[PDB]
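One file, structure_38.pdb, is given below (PDB, C-alpha atoms and all ligand atoms).
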```pdb
ATOM      1  CA  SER A   4    -147.273  38.697  64.475  1.00  0.00           C
ATOM      2  CA  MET A   5    -150.847  39.027  65.747  1.00  0.00           C
ATOM      3  CA  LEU A   6    -152.154  39.145  69.316  1.00  0.00           C
ATOM      4  CA  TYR A   7    -155.888  39.066  70.034  1.00  0.00           C
ATOM      5  CA  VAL A   8    -156.384  41.167  73.173  1.00  0.00           C
ATOM      6  CA  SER A   9    -159.745  40.880  74.919  1.00  0.00           C
ATOM      7  CA  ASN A  10    -161.619  41.645  78.139  1.00  0.00           C
ATOM      8  CA  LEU A  11    -160.361  45.222  77.920  1.00  0.00           C
ATOM      9  CA  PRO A  12    -162.036  47.915  80.038  1.00  0.00           C
ATOM     10  CA  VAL A  13    -164.918  49.580  78.222  1.00  0.00           C
ATOM     11  CA  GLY A  14    -163.572  52.554  76.305  1.00  0.00           C
ATOM     12  CA  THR A  15    -159.890  51.574  76.296  1.00  0.00           C
ATOM     13  CA  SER A  16    -158.203  53.736  73.660  1.00  0.00           C
ATOM     14  CA  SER A  17    -155.724  52.581  71.053  1.00  0.00           C
ATOM     15  CA  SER A  18    -153.136  54.868  72.679  1.00  0.00           C
ATOM     16  CA  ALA A  19    -153.569  53.045  76.000  1.00  0.00           C
ATOM     17  CA  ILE A  20    -153.085  49.713  74.229  1.00  0.00           C
ATOM     18  CA  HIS A  21    -150.046  51.134  72.440  1.00  0.00           C
ATOM     19  CA  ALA A  22    -148.463  52.166  75.745  1.00  0.00           C
ATOM     20  CA  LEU A  23    -149.098  48.780  77.354  1.00  0.00           C
ATOM     21  CA  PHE A  24    -147.695  46.696  74.491  1.00  0.00           C
ATOM     22  CA  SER A  25    -144.809  48.992  73.483  1.00  0.00           C
ATOM     23  CA  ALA A  26    -142.872  47.766  76.538  1.00  0.00           C
ATOM     24  CA  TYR A  27    -142.082  44.472  74.749  1.00  0.00           C
ATOM     25  CA  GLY A  28    -141.253  45.484  71.167  1.00  0.00           C
ATOM     26  CA  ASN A  29    -142.208  47.450  68.067  1.00  0.00           C
ATOM     27  CA  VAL A  30    -145.981  47.683  67.658  1.00  0.00           C
ATOM     28  CA  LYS A  31    -146.689  47.963  63.916  1.00  0.00           C
ATOM     29  CA  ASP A  32    -150.465  48.302  64.046  1.00  0.00           C
ATOM     30  CA  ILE A  33    -153.415  48.289  66.409  1.00  0.00           C
ATOM     31  CA  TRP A  34    -156.929  47.487  65.205  1.00  0.00           C
ATOM     32  CA  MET A  35    -159.785  48.163  67.625  1.00  0.00           C
ATOM     33  CA  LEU A  36    -162.845  45.938  68.143  1.00  0.00           C
ATOM     34  CA  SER A  37    -164.682  48.157  70.611  1.00  0.00           C
ATOM     35  CA  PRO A  38    -168.123  46.430  70.626  1.00  0.00           C
ATOM     36  CA  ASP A  39    -166.167  43.349  71.745  1.00  0.00           C
ATOM     37  CA  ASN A  40    -163.942  45.216  74.247  1.00  0.00           C
ATOM     38  CA  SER A  41    -161.016  43.848  72.286  1.00  0.00           C
ATOM     39  CA  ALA A  42    -158.215  44.751  69.898  1.00  0.00           C
ATOM     40  CA  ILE A  43    -155.653  43.240  67.535  1.00  0.00           C
ATOM     41  CA  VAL A  44    -151.995  44.119  68.118  1.00  0.00           C
ATOM     42  CA  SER A  45    -149.290  43.501  65.517  1.00  0.00           C
ATOM     43  CA  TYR A  46    -145.582  43.348  66.359  1.00  0.00           C
ATOM     44  CA  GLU A  47    -142.676  43.461  63.925  1.00  0.00           C
ATOM     45  CA  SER A  48    -141.339  40.190  65.335  1.00  0.00           C
ATOM     46  CA  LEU A  49    -142.799  36.976  66.716  1.00  0.00           C
ATOM     47  CA  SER A  50    -140.316  37.118  69.602  1.00  0.00           C
ATOM     48  CA  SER A  51    -141.963  40.318  70.838  1.00  0.00           C
ATOM     49  CA  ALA A  52    -145.511  38.950  70.556  1.00  0.00           C
ATOM     50  CA  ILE A  53    -144.487  35.910  72.623  1.00  0.00           C
ATOM     51  CA  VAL A  54    -142.980  38.061  75.389  1.00  0.00           C
ATOM     52  CA  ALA A  55    -146.039  40.335  75.570  1.00  0.00           C
ATOM     53  CA  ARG A  56    -148.367  37.327  75.620  1.00  0.00           C
ATOM     54  CA  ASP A  57    -146.410  35.756  78.496  1.00  0.00           C
ATOM     55  CA  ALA A  58    -146.269  39.079  80.342  1.00  0.00           C
ATOM     56  CA  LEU A  59    -149.877  40.233  80.021  1.00  0.00           C
ATOM     57  CA  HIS A  60    -152.190  37.247  79.444  1.00  0.00           C
ATOM     58  CA  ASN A  61    -154.865  36.862  82.155  1.00  0.00           C
ATOM     59  CA  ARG A  62    -153.520  39.859  84.103  1.00  0.00           C
ATOM     60  CA  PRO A  63    -155.658  42.620  85.715  1.00  0.00           C
ATOM     61  CA  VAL A  64    -153.214  45.369  84.749  1.00  0.00           C
ATOM     62  CA  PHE A  65    -156.013  47.978  84.861  1.00  0.00           C
ATOM     63  CA  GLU A  66    -157.212  48.651  88.400  1.00  0.00           C
ATOM     64  CA  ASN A  67    -160.905  48.160  89.214  1.00  0.00           C
ATOM     65  CA  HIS A  68    -161.182  45.950  86.116  1.00  0.00           C
ATOM     66  CA  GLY A  69    -161.013  42.239  85.337  1.00  0.00           C
ATOM     67  CA  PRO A  70    -158.003  40.428  83.869  1.00  0.00           C
ATOM     68  CA  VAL A  71    -156.996  41.185  80.282  1.00  0.00           C
ATOM     69  CA  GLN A  72    -156.734  38.149  77.981  1.00  0.00           C
ATOM     70  CA  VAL A  73    -153.934  37.984  75.391  1.00  0.00           C
ATOM     71  CA  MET A  74    -153.794  35.156  72.827  1.00  0.00           C
ATOM     72  CA  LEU A  75    -151.113  34.628  70.176  1.00  0.00           C
ATOM     73  CA  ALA A  76    -152.672  33.899  66.785  1.00  0.00           C
ATOM     74  CA  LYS A  77    -151.089  31.231  64.600  1.00  0.00           C
ATOM     75  CA  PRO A  78    -150.485  32.474  61.022  1.00  0.00           C
ATOM     76  CA  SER A  79    -151.447  30.579  57.866  1.00  0.00           C
TER      77      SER A  79
ATOM     78  CA  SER B   4    -158.634  45.323  56.044  1.00  0.00           C
ATOM     79  CA  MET B   5    -158.960  43.068  59.095  1.00  0.00           C
ATOM     80  CA  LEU B   6    -161.985  40.999  60.101  1.00  0.00           C
ATOM     81  CA  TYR B   7    -162.374  39.227  63.431  1.00  0.00           C
ATOM     82  CA  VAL B   8    -164.372  36.039  62.827  1.00  0.00           C
ATOM     83  CA  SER B   9    -165.826  34.219  65.833  1.00  0.00           C
ATOM     84  CA  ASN B  10    -168.283  31.399  66.592  1.00  0.00           C
ATOM     85  CA  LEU B  11    -166.456  29.075  64.222  1.00  0.00           C
ATOM     86  CA  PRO B  12    -167.473  25.420  64.470  1.00  0.00           C
ATOM     87  CA  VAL B  13    -165.003  23.665  66.744  1.00  0.00           C
ATOM     88  CA  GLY B  14    -162.150  22.270  64.685  1.00  0.00           C
ATOM     89  CA  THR B  15    -162.640  24.507  61.643  1.00  0.00           C
ATOM     90  CA  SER B  16    -159.462  24.492  59.568  1.00  0.00           C
ATOM     91  CA  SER B  17    -157.693  27.472  58.043  1.00  0.00           C
ATOM     92  CA  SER B  18    -158.306  25.810  54.669  1.00  0.00           C
ATOM     93  CA  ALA B  19    -162.058  25.866  55.313  1.00  0.00           C
ATOM     94  CA  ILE B  20    -161.903  29.498  56.470  1.00  0.00           C
ATOM     95  CA  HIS B  21    -159.834  30.408  53.410  1.00  0.00           C
ATOM     96  CA  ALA B  22    -162.378  28.722  51.116  1.00  0.00           C
ATOM     97  CA  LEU B  23    -165.328  30.543  52.702  1.00  0.00           C
ATOM     98  CA  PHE B  24    -163.812  34.025  52.680  1.00  0.00           C
ATOM     99  CA  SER B  25    -162.395  33.522  49.173  1.00  0.00           C
ATOM    100  CA  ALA B  26    -166.024  33.885  48.034  1.00  0.00           C
ATOM    101  CA  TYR B  27    -165.848  37.654  48.633  1.00  0.00           C
ATOM    102  CA  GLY B  28    -162.302  38.733  47.779  1.00  0.00           C
ATOM    103  CA  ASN B  29    -158.621  37.904  47.691  1.00  0.00           C
ATOM    104  CA  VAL B  30    -157.674  36.634  51.148  1.00  0.00           C
ATOM    105  CA  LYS B  31    -154.231  37.951  52.099  1.00  0.00           C
ATOM    106  CA  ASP B  32    -153.724  36.173  55.443  1.00  0.00           C
ATOM    107  CA  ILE B  33    -155.529  34.106  58.060  1.00  0.00           C
ATOM    108  CA  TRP B  34    -154.477  33.858  61.710  1.00  0.00           C
ATOM    109  CA  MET B  35    -156.134  31.120  63.747  1.00  0.00           C
ATOM    110  CA  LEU B  36    -157.309  31.578  67.345  1.00  0.00           C
ATOM    111  CA  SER B  37    -158.669  28.055  67.719  1.00  0.00           C
ATOM    112  CA  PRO B  38    -158.961  27.943  71.545  1.00  0.00           C
ATOM    113  CA  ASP B  39    -161.453  30.810  71.089  1.00  0.00           C
ATOM    114  CA  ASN B  40    -163.094  29.259  67.994  1.00  0.00           C
ATOM    115  CA  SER B  41    -162.009  32.455  66.240  1.00  0.00           C
ATOM    116  CA  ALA B  42    -159.799  33.717  63.431  1.00  0.00           C
ATOM    117  CA  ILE B  43    -158.442  36.934  61.949  1.00  0.00           C
ATOM    118  CA  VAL B  44    -158.838  37.289  58.178  1.00  0.00           C
ATOM    119  CA  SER B  45    -157.237  40.028  56.070  1.00  0.00           C
ATOM    120  CA  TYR B  46    -158.417  41.071  52.599  1.00  0.00           C
ATOM    121  CA  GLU B  47    -156.571  43.042  49.944  1.00  0.00           C
ATOM    122  CA  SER B  48    -159.450  45.557  49.815  1.00  0.00           C
ATOM    123  CA  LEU B  49    -161.874  47.075  52.314  1.00  0.00           C
ATOM    124  CA  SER B  50    -164.824  46.498  49.971  1.00  0.00           C
ATOM    125  CA  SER B  51    -164.289  42.727  50.248  1.00  0.00           C
ATOM    126  CA  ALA B  52    -164.285  42.763  54.055  1.00  0.00           C
ATOM    127  CA  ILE B  53    -167.546  44.729  54.055  1.00  0.00           C
ATOM    128  CA  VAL B  54    -169.161  42.391  51.504  1.00  0.00           C
ATOM    129  CA  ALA B  55    -167.993  39.406  53.561  1.00  0.00           C
ATOM    130  CA  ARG B  56    -169.265  40.865  56.845  1.00  0.00           C
ATOM    131  CA  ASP B  57    -172.693  41.573  55.348  1.00  0.00           C
ATOM    132  CA  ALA B  58    -173.107  38.360  53.337  1.00  0.00           C
ATOM    133  CA  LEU B  59    -172.110  36.110  56.242  1.00  0.00           C
ATOM    134  CA  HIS B  60    -174.612  37.645  58.683  1.00  0.00           C
ATOM    135  CA  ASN B  61    -177.009  34.857  59.761  1.00  0.00           C
ATOM    136  CA  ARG B  62    -175.796  32.609  56.913  1.00  0.00           C
ATOM    137  CA  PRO B  63    -175.216  28.907  57.682  1.00  0.00           C
ATOM    138  CA  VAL B  64    -171.682  27.926  56.652  1.00  0.00           C
ATOM    139  CA  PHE B  65    -169.315  24.949  56.873  1.00  0.00           C
ATOM    140  CA  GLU B  66    -171.885  22.312  55.903  1.00  0.00           C
ATOM    141  CA  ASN B  67    -174.862  24.300  57.237  1.00  0.00           C
ATOM    142  CA  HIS B  68    -173.428  24.824  60.695  1.00  0.00           C
ATOM    143  CA  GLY B  69    -174.427  27.863  62.729  1.00  0.00           C
ATOM    144  CA  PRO B  70    -173.637  31.262  61.249  1.00  0.00           C
ATOM    145  CA  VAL B  71    -170.374  32.862  62.279  1.00  0.00           C
ATOM    146  CA  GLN B  72    -169.920  36.332  63.761  1.00  0.00           C
ATOM    147  CA  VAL B  73    -167.924  38.845  61.716  1.00  0.00           C
ATOM    148  CA  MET B  74    -166.652  42.199  62.991  1.00  0.00           C
ATOM    149  CA  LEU B  75    -164.641  44.706  60.966  1.00  0.00           C
ATOM    150  CA  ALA B  76    -161.566  45.834  62.925  1.00  0.00           C
ATOM    151  CA  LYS B  77    -160.947  49.574  62.603  1.00  0.00           C
ATOM    152  CA  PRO B  78    -157.270  50.464  62.033  1.00  0.00           C
ATOM    153  CA  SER B  79    -155.667  53.221  64.080  1.00  0.00           C
TER     154      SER B  79
HETATM  155 CL    CL A 101    -140.959  43.747  67.419  1.00  0.00          CL
END
```
Would you put the structure from the file into structure tokens?
Amino acid sequence: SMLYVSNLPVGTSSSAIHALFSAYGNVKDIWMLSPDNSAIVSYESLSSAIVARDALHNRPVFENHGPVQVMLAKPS
Amino acid sequence: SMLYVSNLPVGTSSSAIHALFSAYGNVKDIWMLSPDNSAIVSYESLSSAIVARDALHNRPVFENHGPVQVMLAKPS
């Protein structure tokens, strides 16, 4: 399952993304889109992607930075 | 490989996206992010994602609508 994560702080590392999203399930892959301040996060299960989306979408979880956006992508 | 495709015409279907990106390689999956007018497209090979990124730059698509933006997502 794919999450598009955006409005990340400039220079957020894949390891920081991995820590943030590992709280909700098994992260299979992270692809970085640094010129967009964004990333793609893949979970093993849709149930985990849903929980992380609900938990983190439009949340300023990084201090002194704006709210991170988290959108669940619809396959097919 | 994973491409993040943005600036889609509003309402663009996954069938239309599949048809466009099939011009450059075997499309493995498409995930729609339609509230963002965006999509994630995965190719079987990296060469195809590069070809697609380069060929689509400034190219009118979907009945001569505005070009789309294509960014190659780096795995980690
Ligand atoms: Cl999972």
Q.
Which residues are near range 12-24 of chain B? Cut-off 9 Å, all atoms listed in the file, ignore same chain within fewer than 2 positions. Put them as a ChimeraX atom specification.
A. /A:79 /B:10,26-30,32-35,37-38,40,42,44,46,52,55,64-65,68-69,71
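The closest residue to residue 36 in chain B, picked from B:49, B:11, B:75, B:5 and counting all atoms listed in the file, is B:11.
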Given 5 Å on each side, where is the centre and what are the edge lengths in Å to one decimal of the axis-aligned box enclosing the listed atoms of range 71-76 of chain A, as JSON?
```
{"center_x": -154.1, "center_y": 37.5, "center_z": 73.5, "size_x": 15.9, "size_y": 17.3, "size_z": 23.5}
```
Q.
Report, in Å to a single decimal, how far apart CA of residue 45 in chain B and CA of residue 77 in chain A are.
A. 13.7 Å
Q | Contacts of residue 7 in chain B within 6 Å, only C-alpha atoms, excl. fewer than 2 positions in-chain, as a list in words | A | residues 43, 73 and 74 of chain B
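CA of residue 59 in chain B to CA of residue 8 in chain A spans 23.7 Å [interatomic distance, one decimal].
Computed from the coordinates, the CA of residue 78 in chain A to atom CL of ligand CL 101 (chain A) distance equals 16.1 Å.
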Output chain A as a PDB file with C-alpha atoms, keeping the file's coordinate frame, after least-squares fitting it to chain B on all in-order C-alpha pairs.
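Output saved as superposed.pdb:
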```pdb
ATOM      1  CA  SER A   4    -158.556  45.203  56.322  1.00  0.00           C
ATOM      2  CA  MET A   5    -159.358  42.931  59.271  1.00  0.00           C
ATOM      3  CA  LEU A   6    -162.393  40.724  59.882  1.00  0.00           C
ATOM      4  CA  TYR A   7    -162.889  38.961  63.215  1.00  0.00           C
ATOM      5  CA  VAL A   8    -164.657  35.686  62.402  1.00  0.00           C
ATOM      6  CA  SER A   9    -166.176  33.783  65.318  1.00  0.00           C
ATOM      7  CA  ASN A  10    -168.575  30.985  66.256  1.00  0.00           C
ATOM      8  CA  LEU A  11    -166.770  28.729  63.790  1.00  0.00           C
ATOM      9  CA  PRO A  12    -167.305  24.958  63.985  1.00  0.00           C
ATOM     10  CA  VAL A  13    -164.789  23.270  66.265  1.00  0.00           C
ATOM     11  CA  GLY A  14    -161.771  22.286  64.202  1.00  0.00           C
ATOM     12  CA  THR A  15    -162.392  24.560  61.209  1.00  0.00           C
ATOM     13  CA  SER A  16    -159.134  24.682  59.250  1.00  0.00           C
ATOM     14  CA  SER A  17    -157.487  27.765  57.814  1.00  0.00           C
ATOM     15  CA  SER A  18    -157.976  26.257  54.341  1.00  0.00           C
ATOM     16  CA  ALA A  19    -161.740  26.065  54.923  1.00  0.00           C
ATOM     17  CA  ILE A  20    -161.754  29.713  56.005  1.00  0.00           C
ATOM     18  CA  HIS A  21    -159.653  30.597  52.962  1.00  0.00           C
ATOM     19  CA  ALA A  22    -162.164  28.942  50.628  1.00  0.00           C
ATOM     20  CA  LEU A  23    -165.136  30.680  52.242  1.00  0.00           C
ATOM     21  CA  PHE A  24    -163.646  34.185  52.178  1.00  0.00           C
ATOM     22  CA  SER A  25    -161.819  33.961  48.827  1.00  0.00           C
ATOM     23  CA  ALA A  26    -165.180  34.366  47.059  1.00  0.00           C
ATOM     24  CA  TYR A  27    -165.175  38.114  47.849  1.00  0.00           C
ATOM     25  CA  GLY A  28    -161.578  39.231  47.251  1.00  0.00           C
ATOM     26  CA  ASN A  29    -157.878  38.650  47.850  1.00  0.00           C
ATOM     27  CA  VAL A  30    -157.232  37.123  51.272  1.00  0.00           C
ATOM     28  CA  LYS A  31    -153.763  38.275  52.378  1.00  0.00           C
ATOM     29  CA  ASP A  32    -153.543  36.422  55.681  1.00  0.00           C
ATOM     30  CA  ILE A  33    -155.498  34.193  58.024  1.00  0.00           C
ATOM     31  CA  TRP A  34    -154.645  33.951  61.720  1.00  0.00           C
ATOM     32  CA  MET A  35    -156.333  31.182  63.709  1.00  0.00           C
ATOM     33  CA  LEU A  36    -157.686  31.497  67.266  1.00  0.00           C
ATOM     34  CA  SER A  37    -158.743  27.884  67.735  1.00  0.00           C
ATOM     35  CA  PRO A  38    -159.402  27.870  71.528  1.00  0.00           C
ATOM     36  CA  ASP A  39    -161.920  30.627  70.734  1.00  0.00           C
ATOM     37  CA  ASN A  40    -163.362  28.920  67.619  1.00  0.00           C
ATOM     38  CA  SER A  41    -162.406  32.066  65.757  1.00  0.00           C
ATOM     39  CA  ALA A  42    -160.006  33.535  63.218  1.00  0.00           C
ATOM     40  CA  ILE A  43    -158.745  36.828  61.804  1.00  0.00           C
ATOM     41  CA  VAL A  44    -159.020  37.342  58.042  1.00  0.00           C
ATOM     42  CA  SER A  45    -157.139  40.083  56.196  1.00  0.00           C
ATOM     43  CA  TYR A  46    -158.127  41.328  52.738  1.00  0.00           C
ATOM     44  CA  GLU A  47    -156.061  43.492  50.408  1.00  0.00           C
ATOM     45  CA  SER A  48    -158.896  46.021  50.207  1.00  0.00           C
ATOM     46  CA  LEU A  49    -161.547  47.389  52.545  1.00  0.00           C
ATOM     47  CA  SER A  50    -164.146  46.996  49.787  1.00  0.00           C
ATOM     48  CA  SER A  51    -163.666  43.222  49.898  1.00  0.00           C
ATOM     49  CA  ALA A  52    -163.890  43.010  53.698  1.00  0.00           C
ATOM     50  CA  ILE A  53    -167.183  44.936  53.597  1.00  0.00           C
ATOM     51  CA  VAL A  54    -168.691  42.595  50.991  1.00  0.00           C
ATOM     52  CA  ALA A  55    -167.646  39.462  52.901  1.00  0.00           C
ATOM     53  CA  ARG A  56    -168.986  40.906  56.156  1.00  0.00           C
ATOM     54  CA  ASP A  57    -172.351  41.674  54.526  1.00  0.00           C
ATOM     55  CA  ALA A  58    -172.436  38.253  52.865  1.00  0.00           C
ATOM     56  CA  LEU A  59    -171.445  36.017  55.775  1.00  0.00           C
ATOM     57  CA  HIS A  60    -172.221  37.728  59.102  1.00  0.00           C
ATOM     58  CA  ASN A  61    -174.670  35.752  61.282  1.00  0.00           C
ATOM     59  CA  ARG A  62    -175.054  33.032  58.628  1.00  0.00           C
ATOM     60  CA  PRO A  63    -175.089  29.245  59.297  1.00  0.00           C
ATOM     61  CA  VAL A  64    -173.066  28.462  56.173  1.00  0.00           C
ATOM     62  CA  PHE A  65    -171.816  25.195  57.729  1.00  0.00           C
ATOM     63  CA  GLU A  66    -174.571  22.601  58.037  1.00  0.00           C
ATOM     64  CA  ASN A  67    -175.346  21.142  61.474  1.00  0.00           C
ATOM     65  CA  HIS A  68    -173.630  24.174  63.028  1.00  0.00           C
ATOM     66  CA  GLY A  69    -174.682  27.556  64.391  1.00  0.00           C
ATOM     67  CA  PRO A  70    -174.372  30.872  62.545  1.00  0.00           C
ATOM     68  CA  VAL A  71    -170.898  32.266  61.881  1.00  0.00           C
ATOM     69  CA  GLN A  72    -170.296  35.823  63.134  1.00  0.00           C
ATOM     70  CA  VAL A  73    -168.217  38.235  61.029  1.00  0.00           C
ATOM     71  CA  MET A  74    -167.279  41.693  62.355  1.00  0.00           C
ATOM     72  CA  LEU A  75    -165.310  44.375  60.505  1.00  0.00           C
ATOM     73  CA  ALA A  76    -162.583  45.835  62.716  1.00  0.00           C
ATOM     74  CA  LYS A  77    -161.973  49.579  62.606  1.00  0.00           C
ATOM     75  CA  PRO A  78    -158.261  50.418  62.126  1.00  0.00           C
ATOM     76  CA  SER A  79    -156.314  52.947  64.196  1.00  0.00           C
TER      77      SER A  79
END
```
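In this comparison, which uses all atoms listed in the file, the residue of A:9, A:61, A:72, A:48 approaching ligand CL 101 (chain A) most closely is A:48.
Nearest to chain B of all the residues A:56, A:76, A:50, A:70 is A:76, based on only C-alpha atoms.
In terms of minimum interatomic distance to chain B, A:41 ranks closest within A:25, A:41, A:51, A:58, counting all atoms listed in the file.
You can rank A:39, A:62, A:47, A:4 by their closest distance to ligand CL 101 (chain A) using all atoms listed in the file, and at the top of that list sits A:47.
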Missing atoms of range 17-30 of chain A rebuilt to N, CA and C atoms, written as a short mmCIF file (atom, residue, chain, number, x, y, z; two decimals), keeping the file's coordinate frame:
```
data_model
loop_
_atom_site.label_atom_id
_atom_site.label_comp_id
_atom_site.auth_asym_id
_atom_site.auth_seq_id
_atom_site.Cartn_x
_atom_site.Cartn_y
_atom_site.Cartn_z
N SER A 17 -156.86 53.20 71.73
CA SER A 17 -155.72 52.58 71.05
C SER A 17 -154.41 53.08 71.63
N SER A 18 -154.37 54.34 72.08
CA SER A 18 -153.14 54.87 72.68
C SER A 18 -152.80 54.17 73.99
N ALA A 19 -153.82 53.80 74.78
CA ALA A 19 -153.57 53.04 76.00
C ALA A 19 -153.03 51.66 75.68
N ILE A 20 -153.60 51.00 74.67
CA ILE A 20 -153.08 49.71 74.23
C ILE A 20 -151.66 49.86 73.72
N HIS A 21 -151.39 50.92 72.96
CA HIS A 21 -150.05 51.13 72.44
C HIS A 21 -149.03 51.27 73.57
N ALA A 22 -149.37 52.03 74.61
CA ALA A 22 -148.46 52.17 75.74
C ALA A 22 -148.20 50.82 76.40
N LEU A 23 -149.25 50.02 76.61
CA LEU A 23 -149.10 48.78 77.35
C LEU A 23 -148.23 47.78 76.61
N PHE A 24 -148.38 47.70 75.29
CA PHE A 24 -147.70 46.70 74.49
C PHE A 24 -146.36 47.18 73.94
N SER A 25 -146.09 48.49 73.97
CA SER A 25 -144.81 48.99 73.48
C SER A 25 -143.65 48.61 74.39
N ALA A 26 -143.93 48.17 75.62
CA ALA A 26 -142.87 47.77 76.54
C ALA A 26 -142.11 46.53 76.07
N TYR A 27 -142.67 45.75 75.14
CA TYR A 27 -142.08 44.47 74.75
C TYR A 27 -141.55 44.44 73.32
N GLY A 28 -141.79 45.47 72.52
CA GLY A 28 -141.25 45.48 71.17
C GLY A 28 -141.87 46.59 70.34
N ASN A 29 -141.76 46.44 69.02
CA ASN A 29 -142.21 47.45 68.07
C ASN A 29 -143.62 47.11 67.60
N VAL A 30 -144.60 47.88 68.07
CA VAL A 30 -145.98 47.68 67.66
C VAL A 30 -146.16 48.31 66.28
#
```
